[PDB]
Amino acid sequence: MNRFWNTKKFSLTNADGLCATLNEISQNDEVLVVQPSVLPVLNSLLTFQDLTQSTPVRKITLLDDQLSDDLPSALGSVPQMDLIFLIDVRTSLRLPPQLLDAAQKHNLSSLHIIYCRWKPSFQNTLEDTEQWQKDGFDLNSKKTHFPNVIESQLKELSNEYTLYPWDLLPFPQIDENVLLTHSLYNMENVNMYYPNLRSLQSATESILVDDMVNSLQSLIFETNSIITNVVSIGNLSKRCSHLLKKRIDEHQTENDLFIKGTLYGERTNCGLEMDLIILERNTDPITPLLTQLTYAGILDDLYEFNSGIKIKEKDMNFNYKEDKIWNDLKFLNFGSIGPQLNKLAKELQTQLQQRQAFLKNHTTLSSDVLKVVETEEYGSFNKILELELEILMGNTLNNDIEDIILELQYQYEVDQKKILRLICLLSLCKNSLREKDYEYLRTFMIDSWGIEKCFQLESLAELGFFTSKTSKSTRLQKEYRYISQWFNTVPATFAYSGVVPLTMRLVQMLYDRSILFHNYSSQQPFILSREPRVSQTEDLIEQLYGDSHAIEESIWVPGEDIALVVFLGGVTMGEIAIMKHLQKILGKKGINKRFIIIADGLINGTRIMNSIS
Amino acid sequence: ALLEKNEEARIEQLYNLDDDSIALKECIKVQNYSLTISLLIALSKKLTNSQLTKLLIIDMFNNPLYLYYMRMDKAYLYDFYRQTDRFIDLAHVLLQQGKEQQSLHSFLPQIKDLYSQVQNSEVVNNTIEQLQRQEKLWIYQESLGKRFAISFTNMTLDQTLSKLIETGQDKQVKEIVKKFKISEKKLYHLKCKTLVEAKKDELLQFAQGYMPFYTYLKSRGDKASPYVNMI
């Protein structure tokens, strides 16, 4: 807020707007009807008690076909004032049929709905006071617009179209530092980047990039920032950067270009820098599939977080704004939790009961997790780690891989997803697999897991995960054993099998070429540069991607620090753990910066496997 | 009209002028993807209802935007694909439709014919060879499943093999090995896999494998005396 990104301050605006709208609906007893996908987000913002006390609504429901049978049971009952639906139409451009069938059948006499949208900063605070009646109606907005958007398909029943545009802007839930935008799923639980229908990839990609650009524009115009340097990586990031630049340069108002002349300008500057490094998940498919070792990573891949940051099996919330025990243990390694918990418990003995309840709950949950790690296919949780560590450095032999893949297939029972992920990593690590092993691996797969597995192994065999030795979308076509020489991923590191992520070193090289100095270096343009630059580092990335055009460096202004590292394609939460380590080590070395990680939705190995199915 | 800088007023004017063949190009050029679907909805509702396909073949190229809008209707997605002769798309659509109501073998002959007469690639050749293997498996399943009324249907080889090993048919359970070229290593410690999962020791008379089965008997369950010193 006001050039200082007070992230928690973003939370209040959405709640205030929703409360004002709901209280301005009607001063009676209201019943709320909320879409299943958006409800968890709303509950993570407004508590039930606050919702009841602030506005006279007293009931919340869900959009389901069960309501059709309950139309004469639930909808017929209550209905003290009216029914206020809440829908999300930001993606999939289609209203759910539930409201369509309920409107005509139950014959509601008052239809009011709520639709979500990003904040229209271009409205610039209603533009003063309409310029004293538009200086004699010199400007007007009647019919100066298309008749309807998306909701033009709603042209049935009555004219009760009291729409209400509730505003929404990103706010942090999992942690103070990192915000999160939900644009990676539809209402049908289909991945927005890896859809299970290989006929409409291009449109889905365009829609995703458009929505991401819209969210970034909303945040940028809300915070009143001036981007100075852009480091785009990949193909889609190029289009995203160009579209964002065009949209910023088109829709910006006046009274700020004048400031753009005063600040920065010609022959002078004021020492303000913001960076917009952008990456794509397809660039490095090496590390969304490794096993998590941090506490929240282990707790995540065994029990999937929903849209809200909570879990079904437990009841206590993991929100950071009311508890401090979770703050200091979320990103620590699993091994260093026990003794720390023992010390925390023993120090309080000499020494309010809410802390006791919190520590008891944490101890019980940790004990349950430790118990469930073992005795549940004992040794698998470690065996996969040793196998992954062996594969990453490279120890594959002639036809011996077929012996170990089925070694744990039925000796220890294991899910399909683990095997599929491991074989994908095997096929991806060597950057190529010969033509004499697919004929056996695919045969065994189709033998053991049905007939539909052939379709999965065919569809997944074109995104780059499952390739054969015999508009490129920026795949990776270089052996990984080479990358272990330029970079020092395998020696400082946690949340993995002792391996540094590839994105980690990719962002490291932009500011300090130390590891690149040890290997493949005789001269460098610099050793410590404050501004992001890319020079004399083309050939290494020319062979790494097959084209010396993936790297893009853009300077916008002609002539401590906020860096916006967005993530198009999900964030593997282990990267968040190493981001803090990067910030700490860079601050120690001398360069002081602050990182904000924009995420389109948490991504994880198993969560990917159901996507392409 | 097109020289405007409002991104909505000029879109309205172009369509209102009855020149409804250039505003789509402008909309896809600006890449809004929100007004464009509204324009398609408005344009579809006022015309012969059959020249939409004619417009979409020449204009808009492939760009499956309107196709993505109609994804949960399963009716309009059929005739358009049939007319466009996108047989792969039709095959995938009917495959997904069959995937819904737990029935895939019913739609299998269509895939056997849709992927047939393609003459376009060689991965489809591997797919049709796999389909031939599936057909051979199905005909063998019908052949073996009707001799004894054991209710054999769908399932995979291992599912059929696991129950077949129990009360095994010697010289018949191994007969399929030469027909399907089953790997020797996989089938060695699989009969024990299918036996000791229940209450029993045939592995003792299986000495005609290697290291691993020692651990497997150690894993499940005592009675560690068998085969202590074969090495």
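Residues numbered from 1 in each chain as written, not as in the entry; some residues may be left out. Chains lettered and ligands numbered in written order. Part of a larger assembly, values for the part shown. Heavy atoms only, no water. Residues with missing side-chain atoms left out of burial classes, pairs and counts.

## Some details on the overall build of chain B
Of regular secondary structure, chain B possesses 14 helices and zero strands. Going from the N terminus to the C terminus, chain B shows its helices and strands as α-α-α-α-α-α-α-α-α-α-α-α-α-α. Taken over C-alpha atoms, the radius of gyration comes to 30 Å for chain B, far larger than the 17 Å a tight globule of 231 residues would show. Relative to its 231 residues, chain B shows a buried fraction of 33%. In the structure as shown, chain B presents an accessible area of about 15,500 Å², 57% of it carried by carbon and sulfur atoms. If you average the places of the 32 positive and of the 28 negative side-chain charges in chain B, the two averages end up 11 Å apart. (Helix = DSSP H or I, 4+ residues; strand = E, 2+ residues; numbered from the N terminus. Rg over C-alpha atoms; globule rule 2.2 N^0.38 Å. Buried < 20%, exposed > 50% of the residue type's maximum accessible area, 1.4 Å probe, protein only. Areas by Shrake-Rupley, 256 points an atom, 1.4 Å probe, with all protein chains shown as cover. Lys, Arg positive; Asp, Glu negative; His and termini not counted. Charge placed at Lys NZ, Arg CZ, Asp CG, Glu CD.)

## A word on the overall build of chain A
From N to C terminus, chain A includes 25 helices and 11 strands. In terms of its C-alpha atoms, chain A occupies a principal-axis envelope of roughly 80 × 70 × 65 Å.

## Remarks on the packing of helix α15 (residues 380-393) of chain A against helix α17 (residues 416-429) of chain A
Residues and elements named next belong to chain A. Running from N to C, α15 and α17 point in directions that differ by 10 degrees, and their axes come no closer than 11 Å. Classed by the angle they form, the pair α15 and α17 counts as roughly parallel. Across the interface between the two elements, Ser-380, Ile-384, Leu-387, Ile-391 and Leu-392 from α15 touch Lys-418, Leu-422, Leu-425, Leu-426 and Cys-429 from α17. Of the residues contributing to the contact of α15 with α17, the split by class is eight nonpolar, one polar and one charged. (Axes fitted to C-alpha atoms, helices over the stretch in contact; angles between N-to-C directions. Parallel < 35°, antiparallel > 145°, perpendicular 65-115°, else oblique. Contact = heavy atoms within 4.5 Å. Nonpolar A, V, L, I, M, F, W, Y, C, P; charged D, E, K, R; others polar.)

## Structural notes on unusual backbone geometry
For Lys-134 of chain A, which is not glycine, the phi torsion reads 55 degrees and is therefore positive. Inspection of the secondary structure assignment puts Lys-134 of chain A in helix α8 (residues 130-137). A positive phi angle is found at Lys-223 of chain B, which is not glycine, with a value near 40 degrees. By secondary structure assignment, the location of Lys-223 of chain B is in the segment after α14 (212-219).

## Remarks on a nonpolar patch on the surface
On the surface, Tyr-188, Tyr-210, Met-211, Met-230 and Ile-231 of chain B cluster together into a nonpolar patch covering about 710 Å² of accessible area. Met-211 of chain B gets classed as exposed once you look at its relative accessible area, which sits at 56%. (Patch = residues over 30% accessible without salt bridge, like charges linked within 9 Å, V, L, I, M, F, W, Y side chains within 5 Å. Salt bridge = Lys/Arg side-chain N within 4 Å of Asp/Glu carboxyl O.)

## Some remarks on the sheet that holds strand β3 (residues 83-87) of chain A
All names here are of chain A. Read across the sheet, five strands follow the order β2-β1-β3-β4-β5 without closing on themselves; strand pairing throughout is parallel. A strand with exactly one partner marks an edge of an open sheet, and here the two such strands are β2 (57-62) and β5 (164-168). Taking each pair of neighbouring strands and ignoring which way they run, the sheet shows an average axis angle of 25 degrees. Of the strand pairs in this sheet, strand β4 (residues 111-118) and β5 are connected by five bridges, and their pairing is parallel. Looking at the pairing, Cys-116 lines up with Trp-166 of β5. (Pairing = 2+ DSSP bridges.)

## Regarding the nonpolar core
Nonpolar side chains tend to gather and get buried jointly when the protein is soluble and globular. Residue and element names in this part refer to chain A. Counting 72 residues, the largest nonpolar core has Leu-216, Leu-276 and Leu-460 as the members making the most contacts within it. At nine residues, the largest contribution of residues to this core is made by helix α9 (residues 201-223). Apart from the residues lying within four places of it in its own chain, the contact partners of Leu-460 are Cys-424, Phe-465, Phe-466, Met-609 and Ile-612. (Core = buried A, V, L, I, M, F, W, Y, C linked by side-chain atoms within 4.5 Å.)

## Things to note about the side chain of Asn-282 of chain A
Residues and elements named next belong to chain A. Note on placement: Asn-282 falls in the loop between β8 (278-280) and α12 (295-302). You can call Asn-282 buried: its relative accessible area is 7%. One polar contact links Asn-282 to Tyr-193, side chain to side chain, over a distance of 2.7 Å. Among the polar contacts made by the side chain of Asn-282, one reaches the side chain of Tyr-194 at a distance of 2.6 Å. If we ignore the near neighbours within four places in the chain, the residues touching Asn-282 are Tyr-193, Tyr-194, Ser-473, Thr-474 and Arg-475. (Polar contact = N/O pair within 3.5 Å; in protein donor to acceptor, adjacent residues only side chain to side chain.)

## Quick notes on the pairing of strand β11 (residues 594-599) of chain A
For a regular strand, side-chain orientation follows a simple rule: the groups alternate between the two sheet faces. Residues and elements named next belong to chain A. Of all six residues in β11, five are buried, a share of seventy percent or more. In this structure, strand β10 (residues 562-568) lies alongside β11, joined through six bridges in parallel fashion. Within the sheet, the bridge partner assigned to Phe-567 lies in β11 and is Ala-599. Traced from β10 through helix α24 (residues 573-589) to β11, the parallel crossover comes out right-handed. (Right-handed = clockwise from strand over helix to strand, strands pointing away.)

## Structural notes on the interface of chain A and chain B
Every contact between the two is made by 38 residues of chain A and, on the other side, 41 residues of chain B. The shortest N-O distance in the salt bridge between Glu-413 of chain A and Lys-193 of chain B comes to 3.8 Å. On the surface where chain A and chain B come into contact, there are 12 residue pairs in polar contact. Secondary-structure elements contributing two or more residues to the side of chain A that touches chain B are α9, α10 (236-251), α18 (438-448) and α19 (453-459) of chain A. At six residues, α18 of chain A tops the list of elements feeding residues into the side of chain A that touches chain B. Across the side of chain A that touches chain B, the residue classes break down as 17 nonpolar, 13 polar and eight charged.

## Overview of the pattern of salt bridges
Residues and elements named next belong to chain A. If you walk through the whole model with that rule in mind, you get 21 salt bridges over all chains. The shortest N-O distance in the salt bridge between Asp-300 and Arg-607 comes to 3.8 Å. For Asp-561, the salt bridge goes to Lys-593, with nearest N and O atoms at 2.4 Å. You can see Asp-561 sitting in the loop between β9 (551-555) and β10 and its partner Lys-593 sitting in the loop between α24 and β11, a full 32 residues away along the chain. Through salt bridges that share partners, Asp-175, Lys-330 and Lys-580 make up one connected network.

## Concerning a positive patch on the surface
On the surface, a cluster of positive charge is contributed by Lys-199, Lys-200, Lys-218 and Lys-223 of chain B. The partly exposed category is assigned to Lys-223 of chain B, whose relative accessible area is 43%.

## Structural notes on the packing of helix α13 (residues 338-350) of chain A against helix α14 (residues 353-373) of chain A
Residue and element names in this part refer to chain A. Across the interface, α13 lies against α14 with an axial gap of 11 Å and an inter-helix angle of 150 degrees. Considering the angle they form, α13 stands roughly antiparallel to α14. As α13 runs across α14, the sense of the crossing is left-handed. Every residue of α14 that contacts α13 at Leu-341, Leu-344 and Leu-348 is listed here: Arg-355, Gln-356, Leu-359, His-362 and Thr-363. Here the residues of the contact of α13 with α14 are counted per class, giving four nonpolar, three polar and one charged. (Left-handed = near helix turned anticlockwise from the far one by under 90°.)

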